[PDB]
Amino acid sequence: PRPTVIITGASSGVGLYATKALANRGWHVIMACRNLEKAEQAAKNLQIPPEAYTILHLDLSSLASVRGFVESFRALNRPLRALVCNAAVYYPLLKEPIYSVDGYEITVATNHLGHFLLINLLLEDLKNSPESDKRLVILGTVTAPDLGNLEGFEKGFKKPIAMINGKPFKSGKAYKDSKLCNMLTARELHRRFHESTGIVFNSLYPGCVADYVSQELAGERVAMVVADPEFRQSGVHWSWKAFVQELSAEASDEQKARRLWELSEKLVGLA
């Protein structure tokens, strides 16, 4: 019946090669992508058997699209074994911010807020699934950049607010802030839900993937964290030969992780 894993941002890079690696291991991969034609071209391009994947539309920068993707996935009537939050956007050259359809600065909106809504919905599916070895894996970063007292979120994160700490827009820092949000979400997931659900919640940094380690190897590392018994440990950040990486003070701040969660629920319409 083939275990089922959802991978966001599966049409390129780490996510595409993770799709390849898990399809090779006998999994059925849901490629959750925003450009359906680029995704089908990429899967064919890597010679992934069509039995092993299903492409569904997901645009993380639109909260309505997130809910639409979840609807489409649930219509397949496939029990979920794992979720990989891999998609990310980075805009190195912007000097002024870009806002999502929902009104949110696009880097944080895509990399954190859209994933945050997706996680909260698909947690329901992981809980209900009868699989015994269920995992939610978040792609993190090397930096283990600062959210202040989350003033930008406390005020609702609408234009002209463009940074989580409410200070002036900086595009490179917006990216790092968004990856710190990913790390804090992985930590709060473990704290709140690991004992209650038995789901393994962790993160990983696969290495520096110019395009240094290859995209193919990075994808294989994602597959190990998803599938291999040696990585069945909740609440840890894996880094590379793999080791448990101690996190920064800000990423280990449990009050901040909880407050980020509460404010994020509000911003995505879950409160």
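Numbers for residues come from their place in the sequence shown, where the first is 1.
Q: Would you mind checking whether any residues of the deposited sequence sit unmodelled between residue 144 and residue 145, and how many (none, 1 to 3, 4 to 9, 10 or more)?
A: Per the deposited record, the segment joining residue 144 and residue 145 lacks coordinates for 10 or more residues.
Q: Select one of none, 1 to 3, 4 to 9, or 10 or more to describe the deposited residues without coordinates separating residue 211 and residue 212.
A: Count of unmodelled residues in between: 10 or more.
Q | Entry-level comparison of average CA B-factors, 104 to 112 and 87 to 95, reporting the higher stretch | A | The stretch with the larger mean CA B-factor is 87 to 95.
Q.
So, looking at the entry's B-factor column for Cα atoms, which has the higher mean, 170 to 178 or 135 to 143?
A. Taking the mean C-alpha B-factor of 170 to 178 and of 135 to 143, the larger value falls to 135 to 143.
(Q) Taking only the Cα B-factors deposited for this chain, tell me whether residue 79 sits in the lowest, middle or highest third. (A) For residue 79, whose C-alpha B-factor we compare with every modelled residue in the chain, the answer is the highest third.
Q: Would you mind checking where the Cα B-factor of residue 229 ranks among the modelled residues of its chain, as the lowest, middle or highest third?
A: It falls in the middle third of the chain.
Q: Divide the modelled residues of the chain into thirds by Cα B-factor and specify which third, lowest, middle or highest, holds residue 239.
A: Answer is middle: the recorded C-alpha B-factor places it there.
Q: Would you check the entry's CA temperature factor for residue 152 and let me know if it's in the chain's lowest, middle or highest third?
A: For residue 152, the deposited C-alpha B-factor lands in the lowest third.
Q: Compare the C-alpha B factor of residue 48 with those of the other modelled residues in its chain, then answer lowest, middle or highest third.
A: Highest third of the chain for residue 48's C-alpha B-factor.
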